[PDB]
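Visitor: Before anything else, here's the structure in question.
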Amino acid sequence: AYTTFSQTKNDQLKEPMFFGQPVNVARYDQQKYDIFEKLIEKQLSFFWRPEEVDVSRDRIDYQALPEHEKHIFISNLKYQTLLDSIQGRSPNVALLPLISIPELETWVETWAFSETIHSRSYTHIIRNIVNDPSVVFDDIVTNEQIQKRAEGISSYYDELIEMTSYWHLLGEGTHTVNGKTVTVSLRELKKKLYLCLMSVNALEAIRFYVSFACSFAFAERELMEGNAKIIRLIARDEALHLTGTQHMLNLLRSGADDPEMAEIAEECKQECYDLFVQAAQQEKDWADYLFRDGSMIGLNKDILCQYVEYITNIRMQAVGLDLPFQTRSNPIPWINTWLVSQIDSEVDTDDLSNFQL
Amino acid sequence: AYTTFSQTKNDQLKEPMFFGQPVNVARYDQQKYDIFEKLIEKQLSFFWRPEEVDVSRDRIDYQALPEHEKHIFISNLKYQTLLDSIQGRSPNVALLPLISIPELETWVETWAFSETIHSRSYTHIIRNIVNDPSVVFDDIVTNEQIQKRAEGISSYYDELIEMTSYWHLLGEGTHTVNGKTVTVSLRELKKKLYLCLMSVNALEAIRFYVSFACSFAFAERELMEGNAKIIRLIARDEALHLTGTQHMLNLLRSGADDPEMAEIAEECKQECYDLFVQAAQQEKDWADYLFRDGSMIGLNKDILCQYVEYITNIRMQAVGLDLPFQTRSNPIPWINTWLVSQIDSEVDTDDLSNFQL
Amino acid sequence: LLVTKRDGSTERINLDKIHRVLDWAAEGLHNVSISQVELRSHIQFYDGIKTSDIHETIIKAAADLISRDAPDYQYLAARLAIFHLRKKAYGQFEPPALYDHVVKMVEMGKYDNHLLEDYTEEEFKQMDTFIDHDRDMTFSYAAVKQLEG
Ligand SMILES: Nc1ncnc2c1ncn2[C@H]1C[C@H](O)[C@@H](COP(=O)(O)OP(=O)(O)O)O1
Ligand SMILES: [Mg+2]
């Protein structure tokens with residue numbers, strides 16, 4: 001059972017990242033994996049508030065857009081709002097009951113908090129470009145193109161929470177709950193965590209960066225420039241986020257943290273590959289929906305789909321999965337701007353006389 | 001069962017604070033209770049980092065302290081580290097799976113996040129006054145006077161989490177789990193939530209303010225002033241925190257948010273009273289350990305215990321509980337400084353002739 | 001909004017006409033970006049903007065993207081400029097017959113009249129078989145600007 005303050009004195013340096021003894025004392029003078037302590041310090045330094053960005057000029061830019069470009073922008077905004085809505089609560093709900101080292105627990109709470117600032121900034125942008133924010137917000141839950149991916153993304157989160165609850169309440173072993181048999185396998189719990197982290201990695205390192213292209217493509221036309229400043233700040237946080245999930249996945253897969261986990265990583269190597277591939281296809285179909293009424297200067301279905309294939313290869317290789325797409329050059333190189341932020345007169349005739357013409 | 005993104009499109013303004021539909025879309029253009037949105041904006045504006053505080057003069061001041069005053073300070077520091085270690089994770093773990101309105105969900109994550117900075121600041125202060133911080137941290141778990149107090153606070157947190165898991169996995173009703181009968185009552189879960197918030201209110205509005213007296217009593221003598229600067233920043237956050245738990249408890253107790261909750265509040269009113277009185281009684285016992293080796297100029301066991309009885313009456317009255325201690329004037333009034341922010345020469349003889357002697 | 005075509009007529013602005021052209025000029029080339037050219041053009045649309053001015057802007061944009069990291073922009077900007085220069089002289093992309101052209105040019109006083117005195121129509125049509133107008137696709141951008149200039 002989970003305890004908010006475990007009584008046992010454990011060497012936090014020897015605990016694993018997950019499923020070990022719940023953290024008791026939050027200390028930051030030492031780390032088992034210092035990657036997370038560096039991520040905390042960097043995320044704390046990136047602290048920003050949405051109101052400190054001027055977005056009032058974006059209302060004029062938005063109303064001047066063509067009607068199909070209002071669609072492109074406002075759809076990418078609803079999707080962003082949905083993605084960082086899940087990312088607001090889920091890292092705390094799904095990971096905190098499993099973390100067993102202090103530096104990683106605090107990072108997840110810092111990570112989740114920084115997502116709530118993103119959620120607030122989407123509220124800032126929406127209320128400053130459209131007349132009724134309720135129109136944008138109320139459409140996010142019912143919209144088919146988002147809902148399809150929303151329930152798919154939340155499932156890996158929900159299943160990890162559910163299995164975690166059985167693991168705390170009942171413990172490991174075969175149990176019986178109201179005439180039905182329930183088997184609680186820690187190995188299956190470790191498997192559902194790894195698959196969830198992989199899904200989160202694709203969420204933050206592929207899905208959101210596909211969205212970043214749309215937010216910044218307007219900025220390359222000097223349009224929606226208040227939004228772009230906010231999205232640029234988000235991208236700086238979003239780079240830290242995917243690095244966290246990368247180091248978790250790699251520490252698990254390499255067996256450094258848990259010897260059993262390395263085995264589990266190989267059994268999932270096929271599921272994770274199909275997981276990333278499914279995400280890329282979903283974002284491609286999403287691009288087909290964005291430009292269905294027309295394209296814009298610098299961005300169409302093909303350009304965006306090429307970026308999907310480009311960024312996917314990069315992310316999957318970073319977590320040790322085979323590349324699903326062909327090798328490709330960066331189709332939107334301009335996005336990298338936003339994602340990473342007396343003459344010496346003396347003469348010697350004797351020296352010249354040492355010469356035969 | 002808990003879902004990180006509930007499928008249902010619900011009017012978040014009409015949901016209750018807790019146990020309603022789990023939040024789906026994080027919007028901040030409207031609130032059911034604007035107290036929490038105001039708490040978010042204020043907590044985000046109070047954002048501070050510990051390293052930006054000068055604590056270098058505190059190493060010399062601390063090592064110059066008498067042995068018994070070293071004891072008072074380092075013991076009050078360890079207790080702070082333990083309390084805000086629980087508060088770092090627990091509001092996220094215990095409340096997030098239950099919140100059903102977005103402004104409260106984000107506040108709880110903002111609330112918990114601000115606690116992680118406190119945990120980091122305690123590591124900052126500790127590592128700047130002692131030679132081996134491992135000595136200070138490892139004692140928190142083994143020390144008898146501290147570990148004992150940990151179990152009292154974490155129980156209300158742990159019990160709420162466990163019952164929350166049953167309510168998500170099984171739902172309300174009588175069940176059988178591995179030969180044992182398990183009855184899951186939502187009324188009992190609402191009862192466990194209210195009792196937990198009462199304990200957190202007593203933690204943040206009484207227990208921590210007892211500690212604040214010790215940190216500032218050293219500062220009134222111009223000692224450990226780097227610590228005091230941090231503690232004053234923490235106390236400014238801690239004022240927002242107890243305000244949050246007060247508003248939650250009062251909205252619940254009045255039946256405004258949940259009519260069923262008003263009934264449950266009265267059944268616990270005796271448990272809550274004994275809960276607060278016990279907390280005040282525990283901090284008195286804690287004061288006995290601080291001054292077991294001697295007192296200091298301006299603070300002893302009696303002075304602090306009077307403040308416990310003083311501050312307890314204020315907080316308990318603020319949540320609709322009967323006062324357990326006698327009415328008393330503030331025994332340390334100096335603590336409030338830290339918690340909140342040619343003759344006119346003319347003569348008229350005719351006017352004088354209008355006079356009878 | 002309306003653009004002004006080469007032949008004076010006007011039609012609804014359609015960015016797909018621009019994607020088509022740039023996709024064509026970038027085909028086969030390595031490490032070039034359609035999106036880069038369009039965005040670096042900063043092409044300011046106004047009602048009635050000439051379609052010829054539009055093309056000259058994306059030529060300049062693609063020409064300034066020539067770099068060590070992206071050398072193949074020298075051919076993207078060349079293929080765009082050849083396409084522009086084809087329309088400037090003929091009104092279309094396809095060049096006319098060598099004889100029909102020389103006749104019109106000698107008649108305009110832009111060529112030397114000896115061309116018709118020394119070569120017959122049967123000989124001119126035989127040299128039109130020597131011509132490979134696809135060799136215009138082997139120039140670099142600097143080459144095309146020296147031709148135009
Ligand atoms: N309706 C439209 N809107 C915007 N650009 C257009 C357009 N039609 C053509 N273009 C672009 C495509 C070419 O790169 C450029 C001129 O090329 P062209 O084919 O010689 O001109 P046109 O089609 O006007 O005769 O203008
Ligand atoms: Mg044309």
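Residues are referred to by chain and number: the chain letter is A, B, ... according to the order shown in the structure tokens, the number counts from 1 in that chain, and ligands are numbered separately from 1 in the order shown.
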Name the residues, by chain letter and number, that sit within 10 Å of ligand 2 using only C-alpha atoms and all ligand atoms, and give them as a compact mmCIF listing (two decimals) with N, CA, C and O atoms, in the first residue's frame.
Guide:
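Result went into result_12.txt, see below:
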```
# COMPACT_ATOMS: atom_id res chain seq x y z
N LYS C 5 -2.15 37.56 -63.96
CA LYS C 5 -1.40 36.57 -64.73
C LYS C 5 -0.47 37.23 -65.73
O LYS C 5 -0.46 38.46 -65.87
N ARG C 6 0.33 36.43 -66.44
CA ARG C 6 1.25 36.98 -67.42
C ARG C 6 0.50 37.58 -68.61
O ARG C 6 0.91 38.62 -69.15
N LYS C 17 -0.68 26.76 -56.99
CA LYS C 17 0.11 27.08 -58.17
C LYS C 17 1.57 27.34 -57.80
O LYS C 17 2.47 27.07 -58.59
N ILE C 18 1.81 27.86 -56.59
CA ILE C 18 3.17 28.12 -56.13
C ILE C 18 3.82 26.84 -55.62
O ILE C 18 5.01 26.60 -55.87
N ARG C 20 3.19 23.83 -56.69
CA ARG C 20 3.52 23.06 -57.90
C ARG C 20 4.88 23.47 -58.46
O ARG C 20 5.75 22.63 -58.68
N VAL C 21 5.06 24.78 -58.69
CA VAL C 21 6.28 25.27 -59.32
C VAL C 21 7.49 24.93 -58.46
O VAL C 21 8.50 24.41 -58.96
N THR C 51 1.57 38.20 -61.40
CA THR C 51 2.12 36.87 -61.20
C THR C 51 3.59 36.80 -61.58
O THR C 51 4.29 35.87 -61.16
N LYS C 87 9.36 32.26 -70.08
CA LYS C 87 8.13 33.03 -70.25
C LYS C 87 8.42 34.45 -70.72
O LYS C 87 7.61 35.03 -71.47
N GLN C 92 5.61 31.41 -72.97
CA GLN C 92 5.33 30.05 -72.52
C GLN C 92 6.65 29.42 -72.09
O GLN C 92 7.71 30.04 -72.15
N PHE C 93 6.58 28.16 -71.65
CA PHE C 93 7.80 27.45 -71.30
C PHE C 93 8.47 26.84 -72.53
O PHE C 93 9.70 26.87 -72.65
```
Visitor: Just the number, please: Cα RMSD of chain A on chain B after least-squares superposition over all C-alpha atoms matched in order.
Guide: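 My reading of the C-alpha RMSD is 1.0 Å.
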Visitor: Give the residues of chain A that lie within 8 Å of chain C; count only C-alpha atoms, and format the answer as number ranges by chain.
Guide: A: 220-221, 295-299, 303, 329-334
Visitor: Within 6 Å of chain A, which residues of chain B show up when using only C-alpha atoms, listed as a list in words?
Guide: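 Contact residues on the first chain: residues 3, 4, 9, 25, 26, 27, 28, 85, 123, 141, 154, 158, 165, 176, 177 and 178 of chain B.
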Visitor: Take the selection from the previous step and output its residues with N, CA, C and O atoms, as a PDB file, in the first residue's frame.
Guide:
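Result file result_27.pdb:
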```
ATOM      1  N   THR B   3     -10.056   8.379 -14.980  1.00  0.00           N
ATOM      2  CA  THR B   3      -9.550   8.586 -16.329  1.00  0.00           C
ATOM      3  C   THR B   3      -8.867   9.943 -16.401  1.00  0.00           C
ATOM      4  O   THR B   3      -9.402  10.939 -15.904  1.00  0.00           O
ATOM      5  N   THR B   4      -7.676   9.974 -17.008  1.00  0.00           N
ATOM      6  CA  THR B   4      -6.926  11.220 -17.128  1.00  0.00           C
ATOM      7  C   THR B   4      -7.581  12.207 -18.081  1.00  0.00           C
ATOM      8  O   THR B   4      -7.228  13.390 -18.060  1.00  0.00           O
ATOM      9  N   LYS B   9     -18.608  15.492 -22.041  1.00  0.00           N
ATOM     10  CA  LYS B   9     -18.610  16.950 -22.064  1.00  0.00           C
ATOM     11  C   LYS B   9     -19.534  17.443 -20.957  1.00  0.00           C
ATOM     12  O   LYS B   9     -20.759  17.354 -21.075  1.00  0.00           O
ATOM     13  N   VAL B  25     -10.905  19.077 -19.842  1.00  0.00           N
ATOM     14  CA  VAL B  25     -10.233  20.201 -20.485  1.00  0.00           C
ATOM     15  C   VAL B  25      -9.911  21.249 -19.430  1.00  0.00           C
ATOM     16  O   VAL B  25     -10.794  21.676 -18.676  1.00  0.00           O
ATOM     17  N   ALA B  26      -8.645  21.664 -19.375  1.00  0.00           N
ATOM     18  CA  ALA B  26      -8.177  22.669 -18.422  1.00  0.00           C
ATOM     19  C   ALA B  26      -8.390  24.054 -19.019  1.00  0.00           C
ATOM     20  O   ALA B  26      -7.617  24.505 -19.868  1.00  0.00           O
ATOM     21  N   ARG B  27      -9.446  24.731 -18.578  1.00  0.00           N
ATOM     22  CA  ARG B  27      -9.743  26.089 -19.000  1.00  0.00           C
ATOM     23  C   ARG B  27      -9.752  26.996 -17.779  1.00  0.00           C
ATOM     24  O   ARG B  27     -10.094  26.568 -16.672  1.00  0.00           O
ATOM     25  N   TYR B  28      -9.367  28.256 -17.985  1.00  0.00           N
ATOM     26  CA  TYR B  28      -9.245  29.204 -16.883  1.00  0.00           C
ATOM     27  C   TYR B  28      -9.927  30.527 -17.200  1.00  0.00           C
ATOM     28  O   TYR B  28      -9.639  31.538 -16.551  1.00  0.00           O
ATOM     29  N   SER B  85       8.112  17.743   3.112  1.00  0.00           N
ATOM     30  CA  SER B  85       8.341  16.567   2.275  1.00  0.00           C
ATOM     31  C   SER B  85       7.039  15.823   2.014  1.00  0.00           C
ATOM     32  O   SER B  85       6.780  15.381   0.887  1.00  0.00           O
ATOM     33  N   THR B 123      17.100  21.962   1.711  1.00  0.00           N
ATOM     34  CA  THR B 123      18.378  21.412   1.286  1.00  0.00           C
ATOM     35  C   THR B 123      19.405  22.518   1.082  1.00  0.00           C
ATOM     36  O   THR B 123      20.591  22.329   1.373  1.00  0.00           O
ATOM     37  N   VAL B 141      14.610  10.407   9.573  1.00  0.00           N
ATOM     38  CA  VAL B 141      13.893   9.138   9.548  1.00  0.00           C
ATOM     39  C   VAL B 141      14.131   8.350  10.837  1.00  0.00           C
ATOM     40  O   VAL B 141      13.232   7.648  11.315  1.00  0.00           O
ATOM     41  N   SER B 154       0.647  11.624   8.043  1.00  0.00           N
ATOM     42  CA  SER B 154       0.545  10.788   6.853  1.00  0.00           C
ATOM     43  C   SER B 154      -0.636   9.828   6.899  1.00  0.00           C
ATOM     44  O   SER B 154      -1.085   9.378   5.841  1.00  0.00           O
ATOM     45  N   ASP B 158      -2.643   8.793   3.838  1.00  0.00           N
ATOM     46  CA  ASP B 158      -2.614   7.416   3.355  1.00  0.00           C
ATOM     47  C   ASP B 158      -4.013   6.812   3.310  1.00  0.00           C
ATOM     48  O   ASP B 158      -4.369   6.125   2.345  1.00  0.00           O
ATOM     49  N   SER B 165      -8.624   4.556  -3.927  1.00  0.00           N
ATOM     50  CA  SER B 165      -8.342   3.483  -4.876  1.00  0.00           C
ATOM     51  C   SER B 165      -9.492   2.484  -4.950  1.00  0.00           C
ATOM     52  O   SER B 165      -9.883   2.060  -6.044  1.00  0.00           O
ATOM     53  N   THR B 176     -16.473  -8.180  -1.975  1.00  0.00           N
ATOM     54  CA  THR B 176     -15.694  -9.217  -1.315  1.00  0.00           C
ATOM     55  C   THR B 176     -14.371  -9.330  -2.057  1.00  0.00           C
ATOM     56  O   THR B 176     -14.352  -9.538  -3.275  1.00  0.00           O
ATOM     57  N   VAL B 177     -13.268  -9.173  -1.329  1.00  0.00           N
ATOM     58  CA  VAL B 177     -11.930  -9.161  -1.914  1.00  0.00           C
ATOM     59  C   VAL B 177     -11.098 -10.197  -1.169  1.00  0.00           C
ATOM     60  O   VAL B 177     -10.648  -9.948  -0.044  1.00  0.00           O
ATOM     61  N   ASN B 178     -10.871 -11.350  -1.803  1.00  0.00           N
ATOM     62  CA  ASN B 178     -10.029 -12.421  -1.262  1.00  0.00           C
ATOM     63  C   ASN B 178     -10.521 -12.887   0.111  1.00  0.00           C
ATOM     64  O   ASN B 178      -9.793 -12.867   1.107  1.00  0.00           O
TER      65      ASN B 178
END
```
Visitor: May I have the residues within 8 Å of residue 201 in chain B as number ranges by chain, using only C-alpha atoms and disregarding those fewer than 5 positions away in the same chain?
Guide: B: 206, 242, 245-246
Visitor: Give the strand (DSSP E) residues of range 165-305 of chain B, as DSSP finds them on the backbone, and put them as a compact mmCIF listing (two decimals) with N, CA and C atoms, in the first residue's frame.
Guide:
```txt
# COMPACT_ATOMS: atom_id res chain seq x y z
N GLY B 173 -20.31 0.44 -2.79
CA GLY B 173 -21.08 -0.75 -2.50
C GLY B 173 -20.28 -1.75 -1.69
N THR B 174 -20.98 -2.82 -1.30
CA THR B 174 -20.37 -3.91 -0.55
C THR B 174 -19.76 -4.91 -1.51
N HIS B 175 -18.49 -5.23 -1.30
CA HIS B 175 -17.73 -6.13 -2.16
C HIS B 175 -17.06 -7.20 -1.30
N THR B 176 -16.47 -8.18 -1.98
CA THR B 176 -15.69 -9.22 -1.32
C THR B 176 -14.37 -9.33 -2.06
N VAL B 177 -13.27 -9.17 -1.33
CA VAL B 177 -11.93 -9.16 -1.91
C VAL B 177 -11.10 -10.20 -1.17
N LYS B 180 -12.33 -11.56 2.22
CA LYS B 180 -12.71 -10.46 3.11
C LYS B 180 -13.83 -9.65 2.49
N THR B 181 -14.74 -9.18 3.33
CA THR B 181 -15.81 -8.29 2.89
C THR B 181 -15.30 -6.86 2.93
N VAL B 182 -15.51 -6.12 1.84
CA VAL B 182 -15.05 -4.74 1.73
C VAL B 182 -16.23 -3.88 1.30
N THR B 183 -16.62 -2.94 2.17
CA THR B 183 -17.72 -2.02 1.89
C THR B 183 -17.12 -0.67 1.54
N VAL B 184 -17.46 -0.16 0.36
CA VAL B 184 -16.95 1.11 -0.12
C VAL B 184 -18.10 2.10 -0.08
```
Visitor: Using only C-alpha atoms, which protein or nucleic acid residues come within 12 Å of residue 101 in chain C? Drop anything in the same chain fewer than 4 positions from it, and give the result as a PDB file with N, CA and C atoms, in the first residue's frame.
Guide:
```
ATOM      1  N   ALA C  89      10.574  35.550 -72.861  1.00  0.00           N
ATOM      2  CA  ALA C  89      10.903  35.662 -74.275  1.00  0.00           C
ATOM      3  C   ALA C  89       9.854  35.055 -75.190  1.00  0.00           C
ATOM      4  N   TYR C  90       9.148  34.024 -74.732  1.00  0.00           N
ATOM      5  CA  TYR C  90       8.239  33.272 -75.577  1.00  0.00           C
ATOM      6  C   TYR C  90       6.787  33.340 -75.133  1.00  0.00           C
ATOM      7  N   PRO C  95      10.119  26.472 -75.943  1.00  0.00           N
ATOM      8  CA  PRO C  95      10.711  27.375 -76.924  1.00  0.00           C
ATOM      9  C   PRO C  95      10.217  27.047 -78.321  1.00  0.00           C
ATOM     10  N   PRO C  96      10.092  28.054 -79.196  1.00  0.00           N
ATOM     11  CA  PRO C  96       9.627  27.807 -80.570  1.00  0.00           C
ATOM     12  C   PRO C  96      10.663  27.130 -81.457  1.00  0.00           C
ATOM     13  N   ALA C  97      10.309  26.921 -82.723  1.00  0.00           N
ATOM     14  CA  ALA C  97      11.257  26.382 -83.688  1.00  0.00           C
ATOM     15  C   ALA C  97      12.368  27.391 -83.961  1.00  0.00           C
ATOM     16  N   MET C 105      13.055  37.315 -85.194  1.00  0.00           N
ATOM     17  CA  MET C 105      14.109  38.136 -84.607  1.00  0.00           C
ATOM     18  C   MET C 105      14.871  38.931 -85.661  1.00  0.00           C
ATOM     19  N   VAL C 106      15.181  38.313 -86.803  1.00  0.00           N
ATOM     20  CA  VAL C 106      15.798  39.057 -87.899  1.00  0.00           C
ATOM     21  C   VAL C 106      14.859  40.159 -88.369  1.00  0.00           C
ATOM     22  N   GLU C 107      13.558  39.872 -88.384  1.00  0.00           N
ATOM     23  CA  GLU C 107      12.561  40.869 -88.760  1.00  0.00           C
ATOM     24  C   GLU C 107      12.501  42.023 -87.763  1.00  0.00           C
ATOM     25  N   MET C 108      12.789  41.761 -86.488  1.00  0.00           N
ATOM     26  CA  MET C 108      12.807  42.807 -85.470  1.00  0.00           C
ATOM     27  C   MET C 108      14.124  43.568 -85.419  1.00  0.00           C
ATOM     28  N   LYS C 110      16.840  42.386 -84.268  1.00  0.00           N
ATOM     29  CA  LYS C 110      17.591  41.918 -83.113  1.00  0.00           C
ATOM     30  C   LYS C 110      18.649  40.886 -83.475  1.00  0.00           C
ATOM     31  N   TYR C 111      18.482  40.177 -84.587  1.00  0.00           N
ATOM     32  CA  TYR C 111      19.497  39.289 -85.130  1.00  0.00           C
ATOM     33  C   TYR C 111      20.070  39.870 -86.417  1.00  0.00           C
ATOM     34  N   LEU C 115      21.739  35.521 -91.222  1.00  0.00           N
ATOM     35  CA  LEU C 115      21.309  34.193 -90.799  1.00  0.00           C
ATOM     36  C   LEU C 115      20.344  33.577 -91.805  1.00  0.00           C
ATOM     37  N   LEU C 116      19.465  34.392 -92.385  1.00  0.00           N
ATOM     38  CA  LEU C 116      18.551  33.880 -93.395  1.00  0.00           C
ATOM     39  C   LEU C 116      19.227  33.741 -94.754  1.00  0.00           C
ATOM     40  N   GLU C 121      15.697  27.177 -94.689  1.00  0.00           N
ATOM     41  CA  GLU C 121      14.722  26.643 -93.743  1.00  0.00           C
ATOM     42  C   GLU C 121      14.937  25.151 -93.514  1.00  0.00           C
ATOM     43  N   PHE C 124      17.947  25.162 -91.077  1.00  0.00           N
ATOM     44  CA  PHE C 124      17.577  25.600 -89.733  1.00  0.00           C
ATOM     45  C   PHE C 124      16.819  24.514 -88.981  1.00  0.00           C
ATOM     46  N   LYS C 125      15.858  23.864 -89.640  1.00  0.00           N
ATOM     47  CA  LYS C 125      15.132  22.772 -89.002  1.00  0.00           C
ATOM     48  C   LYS C 125      16.036  21.587 -88.699  1.00  0.00           C
ATOM     49  N   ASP C 128      17.693  22.533 -85.392  1.00  0.00           N
ATOM     50  CA  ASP C 128      16.762  22.408 -84.278  1.00  0.00           C
ATOM     51  C   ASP C 128      16.753  20.991 -83.721  1.00  0.00           C
TER      52      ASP C 128
END
```
Visitor: Which residues are close to residue 47 in chain C, i.e. within 8 Å by only C-alpha atoms, leaving aside same-chain residues fewer than 4 positions away? Reply as a PyMOL selection string.
Guide: chain C and resi 1-3
Visitor: Could you pull out the residues in range 132-329 of chain A that DSSP calls helix (DSSP H, G or I) from the backbone, as a ChimeraX atom specification?
Guide: /A:133-142,144-169,186-220,225-253,259-290,301-318
Visitor: Write out as a compact mmCIF listing (two decimals) with N, CA and C atoms, in the first residue's frame the residues lying within 9 Å of residue 233 in chain B, counting only C-alpha atoms and excluding same-chain residues fewer than 5 positions away.
Guide:
```
# COMPACT_ATOMS: atom_id res chain seq x y z
N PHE B 46 4.25 34.96 -6.39
CA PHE B 46 5.20 34.84 -5.28
C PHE B 46 6.36 33.93 -5.61
N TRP B 48 9.59 32.19 -6.09
CA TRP B 48 10.95 32.49 -5.70
C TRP B 48 11.78 31.22 -5.76
N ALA B 228 16.10 33.06 7.81
CA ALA B 228 14.89 33.83 8.07
C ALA B 228 14.30 34.40 6.78
N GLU B 238 2.89 29.80 2.72
CA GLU B 238 2.11 29.05 3.70
C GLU B 238 0.83 29.78 4.07
```
Visitor: Give me the residues within 7 Å of range 59-63 of chain C as a list in words, counting only C-alpha atoms and dropping any in the same chain fewer than 5 places off.
Guide: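 Listing them by chain and then by number gives residues 37, 40, 41, 73, 74, 76, 77, 80, 81 and 141 of chain C.
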Visitor: Could you state the separation of CA of residue 318 in chain B and CA of residue 152 in chain B in Å, given to one decimal place?
Guide: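 About the pair CA of residue 318 in chain B and CA of residue 152 in chain B: they are 22.2 Å apart.
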Visitor: When you count only C-alpha atoms, which of these residues is closest to residue 64 in chain C: C:78, C:48, C:13, C:104?
Guide: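 Smallest distance to residue 64 in chain C is found for C:78.
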Visitor: What is the CA of residue 191 in chain A to CA of residue 320 in chain A distance in Å?
Guide: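 Result for CA of residue 191 in chain A versus CA of residue 320 in chain A: 16.6 Å, one decimal.
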Visitor: Using only C-alpha atoms, find the one residue out of A:79, A:194, A:218, A:208 that sits nearest to residue 62 in chain A.
Guide: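 The shortest atom-to-atom distance to residue 62 in chain A comes from A:218.
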Visitor: Just give me the gap between CA of residue 340 in chain A and CA of residue 232 in chain A in Å, one decimal is fine.
Guide: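 These two atoms are separated by 9.1 Å.
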